[PDB]
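Next comes work_33.csv, with CSV, C-alpha atoms.
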chain,number,residue,atom,x,y,z
A,69,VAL,CA,-16.6,35.2,-12.3
A,70,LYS,CA,-14.0,37.8,-13.5
A,71,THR,CA,-12.3,37.4,-16.9
A,72,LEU,CA,-9.4,38.9,-18.9
A,73,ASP,CA,-11.9,41.3,-20.6
A,74,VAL,CA,-13.5,42.3,-17.3
A,75,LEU,CA,-9.9,43.2,-16.1
A,76,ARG,CA,-9.4,45.2,-19.3
A,77,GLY,CA,-12.7,46.9,-18.5
A,78,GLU,CA,-11.5,47.8,-15.0
A,79,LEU,CA,-8.3,49.3,-16.6
A,80,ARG,CA,-10.6,51.4,-18.9
A,81,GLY,CA,-12.5,52.6,-15.8
A,82,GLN,CA,-9.2,53.7,-14.2
A,83,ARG,CA,-8.3,55.6,-17.4
A,84,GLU,CA,-11.8,57.1,-17.7
A,85,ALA,CA,-11.5,58.4,-14.1
A,86,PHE,CA,-8.4,60.5,-15.1
A,87,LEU,CA,-10.2,61.6,-18.4
A,88,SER,CA,-13.3,62.6,-16.3
A,89,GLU,CA,-11.0,64.6,-14.0
A,90,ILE,CA,-9.4,66.2,-17.1
A,91,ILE,CA,-12.9,67.4,-18.3
A,92,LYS,CA,-13.9,68.5,-14.7
A,93,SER,CA,-10.5,70.3,-14.3
A,94,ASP,CA,-8.6,72.1,-17.0
A,95,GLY,CA,-6.1,74.0,-14.7
A,96,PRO,CA,-2.2,74.1,-14.5
A,97,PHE,CA,-1.4,70.9,-16.6
A,98,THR,CA,2.2,70.3,-15.2
A,99,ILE,CA,4.5,68.5,-17.7
A,100,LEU,CA,4.2,65.1,-16.0
A,101,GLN,CA,0.3,65.4,-16.0
A,102,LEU,CA,0.4,66.7,-19.7
A,103,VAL,CA,1.9,63.3,-20.9
A,104,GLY,CA,-0.6,62.2,-18.3
A,105,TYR,CA,-3.6,63.2,-20.6
A,106,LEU,CA,-1.9,61.1,-23.4
A,107,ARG,CA,-1.1,58.1,-21.1
A,108,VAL,CA,-4.9,57.8,-20.7
A,109,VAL,CA,-5.3,57.3,-24.5
A,110,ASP,CA,-2.0,55.5,-25.2
A,111,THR,CA,-2.7,52.7,-22.7
A,112,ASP,CA,-6.5,52.6,-23.7
A,113,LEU,CA,-5.3,51.7,-27.2
A,114,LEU,CA,-5.0,48.1,-25.8
A,115,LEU,CA,-8.9,47.9,-25.8
A,116,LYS,CA,-10.5,50.9,-27.7
A,117,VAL,CA,-9.8,54.7,-28.0
A,118,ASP,CA,-13.0,56.8,-28.2
A,119,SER,CA,-12.2,59.7,-30.5
A,120,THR,CA,-14.8,62.2,-29.2
A,121,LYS,CA,-13.9,61.8,-25.4
A,122,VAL,CA,-10.1,62.0,-26.2
A,123,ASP,CA,-10.8,65.1,-28.3
A,124,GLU,CA,-13.0,66.7,-25.6
A,125,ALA,CA,-10.3,66.0,-23.0
A,126,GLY,CA,-7.5,67.2,-25.3
A,127,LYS,CA,-9.4,70.4,-25.8
A,128,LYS,CA,-9.1,71.0,-22.0
A,129,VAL,CA,-5.3,70.6,-22.4
A,130,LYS,CA,-5.2,73.0,-25.3
A,131,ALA,CA,-7.6,75.4,-23.5
A,132,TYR,CA,-5.1,75.6,-20.6
A,133,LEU,CA,-2.2,76.5,-23.1
A,134,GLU,CA,-4.5,79.2,-24.6
A,135,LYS,CA,-5.6,80.4,-21.2
A,136,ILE,CA,-2.0,80.9,-20.1
A,137,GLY,CA,-0.6,82.1,-23.6
A,138,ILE,CA,-2.6,81.5,-26.9
A,139,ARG,CA,-0.6,79.3,-29.3
A,140,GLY,CA,-0.9,78.2,-33.1
A,141,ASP,CA,-0.3,74.5,-32.5
A,142,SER,CA,-2.9,71.6,-32.0
A,143,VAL,CA,-3.4,68.7,-29.5
A,144,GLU,CA,-1.9,66.4,-32.2
A,145,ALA,CA,1.3,68.5,-32.4
A,146,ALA,CA,1.5,69.1,-28.7
A,147,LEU,CA,1.1,65.4,-27.7
A,148,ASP,CA,4.0,64.3,-30.1
A,149,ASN,CA,6.3,67.1,-29.1
A,150,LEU,CA,5.7,66.8,-25.4
A,151,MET,CA,6.6,63.1,-25.3
A,152,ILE,CA,9.9,63.6,-27.2
A,153,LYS,CA,10.6,66.8,-25.1
A,154,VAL,CA,10.4,64.9,-21.8
A,155,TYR,CA,12.5,62.1,-23.2
A,156,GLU,CA,15.0,64.7,-24.6
A,157,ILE,CA,15.2,66.4,-21.1
A,158,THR,CA,15.8,62.9,-19.6
A,159,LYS,CA,18.7,62.3,-22.1
A,160,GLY,CA,20.1,65.8,-21.4
A,161,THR,CA,21.6,65.9,-25.0
A,162,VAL,CA,24.5,68.2,-25.9
A,163,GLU,CA,23.9,71.2,-28.2
A,164,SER,CA,25.8,74.4,-29.3
A,165,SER,CA,25.7,77.6,-27.1
A,166,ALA,CA,22.6,79.8,-27.2
A,167,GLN,CA,20.8,82.7,-25.4
A,168,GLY,CA,17.2,84.0,-24.7
A,169,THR,CA,14.6,85.1,-22.1
A,170,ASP,CA,10.9,85.0,-21.0
A,171,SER,CA,8.6,86.9,-18.6
A,172,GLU,CA,9.5,86.3,-14.9
A,173,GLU,CA,6.1,84.8,-14.1
A,174,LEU,CA,6.1,82.5,-17.2
A,175,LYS,CA,9.7,81.4,-16.3
A,176,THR,CA,8.6,80.8,-12.6
A,177,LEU,CA,5.7,78.7,-13.9
A,178,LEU,CA,8.0,76.6,-16.1
A,179,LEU,CA,10.3,76.1,-13.0
A,180,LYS,CA,7.1,75.0,-11.1
A,181,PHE,CA,6.4,72.6,-13.9
A,182,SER,CA,9.9,71.2,-13.9
A,183,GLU,CA,10.0,71.1,-10.1
A,184,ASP,CA,6.7,69.0,-10.1
A,185,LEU,CA,8.1,66.5,-12.5
A,186,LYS,CA,11.4,66.3,-10.6
A,187,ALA,CA,9.7,66.0,-7.2
A,188,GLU,CA,7.7,62.9,-8.4
A,189,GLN,CA,10.7,61.4,-10.2
A,190,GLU,CA,12.9,61.8,-7.1
A,191,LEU,CA,10.3,59.9,-5.0
A,192,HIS,CA,10.3,57.2,-7.8
A,193,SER,CA,14.1,56.9,-8.5
A,194,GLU,CA,16.3,58.6,-5.8
A,195,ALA,CA,14.5,58.3,-2.4
A,196,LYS,CA,15.9,54.8,-1.5
A,197,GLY,CA,14.1,53.0,-4.5
A,198,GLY,CA,15.7,53.5,-8.0
A,199,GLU,CA,17.0,49.8,-7.7
A,200,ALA,CA,13.2,48.8,-7.6
A,201,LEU,CA,12.9,49.8,-11.3
A,202,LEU,CA,15.6,47.3,-12.2
A,203,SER,CA,14.3,44.8,-9.7
A,204,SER,CA,10.7,45.0,-11.1
A,205,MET,CA,11.8,44.6,-14.7
A,206,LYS,CA,14.0,41.5,-13.8
A,207,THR,CA,11.4,39.8,-11.6
A,208,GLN,CA,8.5,40.4,-14.0
A,209,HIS,CA,10.5,39.2,-17.0
A,210,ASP,CA,11.7,36.0,-15.3
A,211,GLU,CA,8.2,35.0,-14.1
A,212,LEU,CA,6.3,36.1,-17.2
A,213,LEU,CA,8.8,34.5,-19.6
A,214,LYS,CA,8.1,31.1,-18.0
A,215,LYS,CA,4.3,31.6,-18.4
A,216,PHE,CA,4.6,33.0,-22.0
A,217,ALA,CA,6.9,30.1,-23.1
A,218,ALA,CA,5.2,27.3,-21.2
A,219,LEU,CA,1.9,28.1,-23.1
A,220,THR,CA,3.5,27.8,-26.6
A,221,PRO,CA,3.8,29.1,-29.3
A,222,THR,CA,6.2,31.6,-27.6
A,223,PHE,CA,4.6,35.0,-28.6
A,224,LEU,CA,7.8,37.1,-28.5
A,225,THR,CA,11.7,37.2,-28.0
A,226,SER,CA,13.2,37.4,-24.5
A,227,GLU,CA,13.9,41.1,-24.7
A,228,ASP,CA,10.5,41.9,-26.4
A,229,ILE,CA,8.9,40.2,-23.3
A,230,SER,CA,11.0,42.2,-20.8
A,231,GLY,CA,10.7,45.4,-22.7
A,232,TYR,CA,6.9,45.3,-22.9
A,233,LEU,CA,6.9,44.7,-19.1
A,234,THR,CA,9.4,47.6,-18.5
A,235,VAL,CA,7.3,50.4,-20.2
A,236,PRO,CA,10.6,52.5,-20.2
A,237,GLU,CA,11.3,56.3,-20.4
A,238,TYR,CA,7.6,57.2,-21.4
A,239,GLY,CA,8.1,59.8,-24.2
A,240,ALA,CA,10.8,58.0,-26.4
A,241,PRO,CA,10.5,58.4,-30.3
A,242,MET,CA,8.6,55.8,-32.4
A,243,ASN,CA,12.0,54.5,-33.6
A,244,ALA,CA,13.3,54.0,-30.0
A,245,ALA,CA,10.1,53.1,-27.9
A,246,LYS,CA,10.7,49.2,-28.0
A,247,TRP,CA,7.6,48.6,-25.7
A,248,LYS,CA,5.3,50.4,-28.2
A,249,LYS,CA,6.9,48.5,-31.2
A,250,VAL,CA,6.1,45.2,-29.3
A,251,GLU,CA,2.6,46.6,-28.5
A,252,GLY,CA,1.9,47.0,-32.2
A,253,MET,CA,3.0,43.4,-32.8
A,254,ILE,CA,0.8,42.3,-29.8
A,255,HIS,CA,-2.2,44.1,-31.3
A,256,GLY,CA,-1.5,42.8,-34.8
A,257,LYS,CA,-1.3,39.1,-33.7
A,258,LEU,CA,-4.6,39.5,-31.8
A,259,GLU,CA,-6.2,41.2,-34.9
A,260,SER,CA,-5.0,38.2,-37.1
A,261,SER,CA,-4.1,34.6,-36.0
A,262,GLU,CA,-6.1,32.4,-33.5
A,263,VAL,CA,-4.9,32.5,-29.8
A,264,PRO,CA,-6.1,30.3,-26.8
A,265,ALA,CA,-8.2,32.1,-24.1
A,266,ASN,CA,-5.6,31.1,-21.5
A,267,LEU,CA,-2.8,32.6,-23.6
A,268,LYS,CA,-5.0,35.8,-23.9
A,269,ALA,CA,-5.1,35.8,-20.1
A,270,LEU,CA,-1.3,35.6,-20.1
A,271,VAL,CA,-1.3,38.6,-22.5
A,272,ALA,CA,-3.5,40.4,-19.9
A,273,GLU,CA,-0.9,39.4,-17.3
A,274,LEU,CA,1.8,41.0,-19.5
A,275,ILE,CA,-0.3,44.2,-19.6
A,276,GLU,CA,-1.0,44.3,-15.8
A,277,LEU,CA,2.7,43.7,-14.9
A,278,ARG,CA,3.5,46.8,-17.2
A,279,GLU,CA,0.8,48.7,-15.3
A,280,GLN,CA,2.5,47.8,-12.0
A,281,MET,CA,5.8,49.0,-13.5
A,282,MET,CA,4.2,52.2,-14.9
A,283,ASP,CA,3.0,53.0,-11.4
A,284,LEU,CA,6.4,52.2,-9.9
A,285,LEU,CA,8.2,54.3,-12.4
A,286,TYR,CA,5.7,57.1,-13.2
A,287,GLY,CA,3.1,57.0,-10.3
A,288,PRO,CA,-0.8,56.9,-10.3
A,289,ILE,CA,-3.3,59.1,-12.2
A,290,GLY,CA,-6.8,60.2,-11.1
A,291,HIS,CA,-6.2,58.7,-7.6
A,292,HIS,CA,-9.4,58.7,-5.5
Show the structure stored in the file as C-alpha cells.
Amino acid sequence: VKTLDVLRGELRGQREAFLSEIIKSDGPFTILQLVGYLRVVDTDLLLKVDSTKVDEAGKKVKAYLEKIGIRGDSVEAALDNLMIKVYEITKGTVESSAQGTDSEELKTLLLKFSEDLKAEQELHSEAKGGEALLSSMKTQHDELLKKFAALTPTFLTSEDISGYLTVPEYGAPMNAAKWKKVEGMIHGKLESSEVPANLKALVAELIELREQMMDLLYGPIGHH
C-alpha cells in the first residue's frame, strides 16, 4: 500500500523529471522557467537536495547565460537575485528617474522573456480565474486547520497553516517569504521532537495542498 514517504517519493520523481529536462535542454530559460530550475531544488528540500544533480542542472542555466552573453556571476548569485527580481517586478516599486539602452535583439529577447511570464500569469490570474487563488487558500486552510488541530498538538498558528498552503509570490525575500519561514519550522520539528505517523501524513497533506496551489498559481513543470 502507498504511504506518506511513497507520496514524497512521487513528488521527487516529478521534480527529477524537470531536472532531467534541464540537463537534456539548456536553451532559452525564460524568467518563469529560470525560477523554475530553483523550484525543483526549493520544493525538493522537503525530502533531500542532491548537490551534484542541482549543480549539473544549474550549470545548464549558467551555460545558457554564457551562451547568450558571458557574465561574471554564479548560479548561487543568479538564483537569489532572480527570485527577488521577479518579486520586485510583481511589486512594481517606485524609484527615481533613470536612462539606458541595450542591443535591439537582446531587448527583444528580454521582451520575449517578459511576455512568456505575463502570458502564463494572465492565464493563472486574469482569464476568469484570479478569484481561484483566494478561493484555494481559504478552502485549503479551513479543511487543513481542522485536521492539523484535531490531531493535537496543534503544529502551527492559524496564519502559519494558511501561509504554508498558500505558497505566495514565489521569489519574496527571506524576511518576507512567510511560507519558507514556516517550512524551516516544519523541517526543524521533524528533525527534533517525536511526531505520530498519522500527523506526518497530515504534514504530507499540508505539502500536497501547497503543490495544488503552486500549480494553480504558477502552473506545471516538466509536463509529459
* Nearest residue to residue 102 in chain A from the set A:239, A:197, A:231, A:252 (distances using all atoms listed in the file) ->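 Nearest candidate to residue 102 in chain A out of A:239, A:197, A:231, A:252: A:239.
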* To do: Could you tell me which of A:110, A:124, A:183, A:170 comes closest to residue 87 in chain A if we count all atoms listed in the file?
  => A:124
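Look at everything within 10 Å of (-3.1, 38.6, -16.9) using all atoms listed in the file, and the residues you get are residues 71, 72, 73, 75, 76, 212, 266, 267, 268, 269, 270, 271, 272, 273, 274, 275, 276 and 277 of chain A.
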Mind writing the picked residues with C-alpha atoms as a short mmCIF file (atom, residue, chain, number, x, y, z; two decimals), keeping the file's coordinate frame?
data_model
loop_
_atom_site.label_atom_id
_atom_site.label_comp_id
_atom_site.auth_asym_id
_atom_site.auth_seq_id
_atom_site.Cartn_x
_atom_site.Cartn_y
_atom_site.Cartn_z
CA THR A 71 -12.30 37.40 -16.90
CA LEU A 72 -9.40 38.90 -18.90
CA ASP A 73 -11.90 41.30 -20.60
CA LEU A 75 -9.90 43.20 -16.10
CA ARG A 76 -9.40 45.20 -19.30
CA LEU A 212 6.30 36.10 -17.20
CA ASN A 266 -5.60 31.10 -21.50
CA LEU A 267 -2.80 32.60 -23.60
CA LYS A 268 -5.00 35.80 -23.90
CA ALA A 269 -5.10 35.80 -20.10
CA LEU A 270 -1.30 35.60 -20.10
CA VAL A 271 -1.30 38.60 -22.50
CA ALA A 272 -3.50 40.40 -19.90
CA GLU A 273 -0.90 39.40 -17.30
CA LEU A 274 1.80 41.00 -19.50
CA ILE A 275 -0.30 44.20 -19.60
CA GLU A 276 -1.00 44.30 -15.80
CA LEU A 277 2.70 43.70 -14.90
#
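Proximity of A:233, A:85, A:185, A:156 to residue 98 in chain A, computed with all atoms listed in the file, is greatest for A:185.
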* Asked: Pick from A:138, A:245, A:263, A:154: nearest to residue 181 in chain A, with only C-alpha atoms counted?
  ->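 Using only C-alpha atoms, the shortest distance to residue 181 in chain A belongs to A:154.
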* To do: Taking the point (-12.5, 59.9, -16.4) as given in the file, collect each protein or nucleic acid residue that comes within 12 Å of it, counting all atoms listed in the file, and present the set as a ChimeraX atom specification.
  => /A:79-93,105,108-109,112,121-122,124-125,289-292
Identify, on the basis of only C-alpha atoms, every residue whose closest approach to residue 287 in chain A does not exceed 10 Å; exclude the query and any residue fewer than 3 positions from it along the same chain; express the result as a compact mmCIF listing (two decimals) with C-alpha atoms, in the frame of the given file.
# COMPACT_ATOMS: atom_id res chain seq x y z
CA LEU A 100 4.20 65.10 -16.00
CA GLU A 188 7.70 62.90 -8.40
CA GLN A 189 10.70 61.40 -10.20
CA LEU A 191 10.30 59.90 -5.00
CA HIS A 192 10.30 57.20 -7.80
CA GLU A 279 0.80 48.70 -15.30
CA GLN A 280 2.50 47.80 -12.00
CA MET A 281 5.80 49.00 -13.50
CA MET A 282 4.20 52.20 -14.90
CA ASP A 283 3.00 53.00 -11.40
CA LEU A 284 6.40 52.20 -9.90
CA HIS A 291 -6.20 58.70 -7.60
* Expressed in Å to a single decimal, how great is the separation between CA of residue 241 in chain A and CA of residue 152 in chain A? -> 6.1 Å
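Residue neighbourhood of range 213-217 of chain A, excluding near-sequence residues (fewer than 4 positions): residues 209, 221, 222, 223, 226, 229, 267 and 270 of chain A, at 8 Å, using only C-alpha atoms.
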* Grab the CA of residue 120 in chain A to CA of residue 103 in chain A distance for me, in Å with one decimal place. => 18.7 Å
Would you kindly place N, CA and C atoms on range 165-186 of chain A and return the model as a short mmCIF file (atom, residue, chain, number, x, y, z; two decimals), in the frame of the given file?
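Dumped to part-v9.cif:
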data_model
loop_
_atom_site.label_atom_id
_atom_site.label_comp_id
_atom_site.auth_asym_id
_atom_site.auth_seq_id
_atom_site.Cartn_x
_atom_site.Cartn_y
_atom_site.Cartn_z
N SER A 165 26.10 76.45 -28.01
CA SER A 165 25.70 77.60 -27.10
C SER A 165 24.62 78.46 -27.74
N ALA A 166 23.73 78.96 -26.88
CA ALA A 166 22.60 79.80 -27.20
C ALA A 166 22.19 80.74 -26.05
N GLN A 167 21.37 81.76 -26.33
CA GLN A 167 20.80 82.70 -25.40
C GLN A 167 19.37 83.09 -25.68
N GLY A 168 18.63 83.52 -24.65
CA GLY A 168 17.20 84.00 -24.70
C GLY A 168 16.60 84.23 -23.37
N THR A 169 15.36 84.74 -23.36
CA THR A 169 14.60 85.10 -22.10
C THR A 169 13.09 84.98 -22.30
N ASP A 170 12.38 85.08 -21.18
CA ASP A 170 10.90 85.00 -21.00
C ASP A 170 10.50 85.86 -19.79
N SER A 171 9.20 86.16 -19.70
CA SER A 171 8.60 86.90 -18.60
C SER A 171 8.90 86.12 -17.25
N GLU A 172 9.15 86.87 -16.18
CA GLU A 172 9.50 86.30 -14.90
C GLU A 172 8.45 85.33 -14.32
N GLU A 173 7.17 85.68 -14.53
CA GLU A 173 6.10 84.80 -14.10
C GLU A 173 6.01 83.53 -15.00
N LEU A 174 6.13 83.69 -16.32
CA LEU A 174 6.10 82.50 -17.20
C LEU A 174 7.31 81.58 -16.92
N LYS A 175 8.48 82.16 -16.64
CA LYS A 175 9.70 81.40 -16.30
C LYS A 175 9.48 80.66 -14.92
N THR A 176 8.94 81.39 -13.95
CA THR A 176 8.60 80.80 -12.60
C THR A 176 7.63 79.66 -12.78
N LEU A 177 6.64 79.80 -13.67
CA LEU A 177 5.70 78.70 -13.90
C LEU A 177 6.32 77.50 -14.58
N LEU A 178 7.27 77.70 -15.50
CA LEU A 178 8.00 76.60 -16.10
C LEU A 178 8.94 75.92 -15.06
N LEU A 179 9.52 76.67 -14.12
CA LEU A 179 10.30 76.10 -13.00
C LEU A 179 9.36 75.25 -12.09
N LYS A 180 8.17 75.78 -11.82
CA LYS A 180 7.10 75.00 -11.10
C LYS A 180 6.77 73.73 -11.80
N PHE A 181 6.60 73.82 -13.11
CA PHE A 181 6.40 72.60 -13.90
C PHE A 181 7.53 71.61 -13.89
N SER A 182 8.76 72.10 -13.97
CA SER A 182 9.90 71.20 -13.90
C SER A 182 10.14 70.64 -12.51
N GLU A 183 9.85 71.43 -11.47
CA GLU A 183 10.00 71.10 -10.10
C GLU A 183 8.92 69.99 -9.70
N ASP A 184 7.71 70.06 -10.25
CA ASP A 184 6.70 69.00 -10.10
C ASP A 184 7.17 67.68 -10.63
N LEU A 185 7.68 67.70 -11.87
CA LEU A 185 8.10 66.50 -12.50
C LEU A 185 9.34 65.87 -11.76
N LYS A 186 10.28 66.71 -11.34
CA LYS A 186 11.40 66.30 -10.60
C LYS A 186 11.00 65.72 -9.21
#
